[PDB]
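One chain follows as structure tokens, the form deposited in one PDB entry.
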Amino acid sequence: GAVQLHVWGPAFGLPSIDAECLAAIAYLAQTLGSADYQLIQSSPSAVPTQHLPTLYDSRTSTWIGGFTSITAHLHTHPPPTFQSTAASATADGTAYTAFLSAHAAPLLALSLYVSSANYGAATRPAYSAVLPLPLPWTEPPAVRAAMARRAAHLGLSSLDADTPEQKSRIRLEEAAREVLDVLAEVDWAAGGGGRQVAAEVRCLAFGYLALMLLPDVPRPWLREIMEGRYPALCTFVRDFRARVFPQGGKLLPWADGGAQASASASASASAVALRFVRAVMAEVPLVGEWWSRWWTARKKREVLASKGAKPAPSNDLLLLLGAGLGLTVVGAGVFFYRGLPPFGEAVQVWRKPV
């Protein structure tokens, strides 16, 4: 286990529920050996990068977050068991990676998270089934809010995701087509003809299309559109799944011999309590945003130090002593005020002048 990949738990008969995490899992399975990496089910609060998927290079103890960063790092520092118009192919791969991460993610967010019916039936149970007990009340809400913000530019809402209803279906179909037509020009099957893209691009495309197609939802507008209109993409997704993750991807080297047991290392009682507490203080109406900013800065400094940079020393001691001084001043003032004898008397009398 030279490198450890921290990803979400399995869902919808797939190794992971997140598109980027599934893409990273597929890339690792296709390139690295079975015993050269470990998969760890986790949540963003469990990793200092605060973002999944996250790779921890145990050879150097480096925290790398993001699918693109993980793929770039593994090319520069490959593990021992690594086996990955050339310029035009690289340019096409970069362009399609950017297009996927920029436009296919809002579509998946609209299908799974923005849609209230779909989120309340499959997505929320799937997220709650891969987290310890008190977490599903803090992390899935943040994930859903982030995905809704991602898909906000699409201009569609939960009501649209299903007579005005038939007008919304046209908008959904147009939004799906605007992405699927672009994605359909590439020969993701790596067969004869069509465009050619890198293995990383193919893995990312599968990661997005798998969550856009396979999950069974009460309102499968996206799955119906895909099956009806893009049989090539449906066949690519099915073949890639059946080739890379057979029997639901249970043969992957999950930590401690299982997906559920993998999370147990970082899901101790104290760790889960601390994560839940931090999530709670992050929502305080007054100091929540300041606490979140301080924690984010601390974790960013930790990640940079792990990478090898030399961040400026933190000024936490100065802030702590200033806050303590202010608290002591406030306490002294309130103690002076409390117990002060009344400023006047009940009766007040003035004698005649002398």
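Each form is matched to the other, and the largest set of C-alpha atoms that superpose within 1.5 Å is called the rigid core. Numbers follow the displayed sequence, beginning with 1.
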property	result
Residue 164 unmodelled in at least a third of other compared entries	yes
Third-or-more of other entries without residue 88	no
Deposited residues omitted from coordinates between residue 84 and residue 85, as a class	10 or more
Residues with no coordinates between residue 162 and residue 163, taken from the deposited sequence as a class	10 or more
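The next section is about a form of this same protein that is not shown, the form deposited in another entry.
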{"query": "Option from 327, 309, 35, 286 moving between the shown form and the other one, CA shift at or above 2 Å, rigid core reference", "finding": "327"}
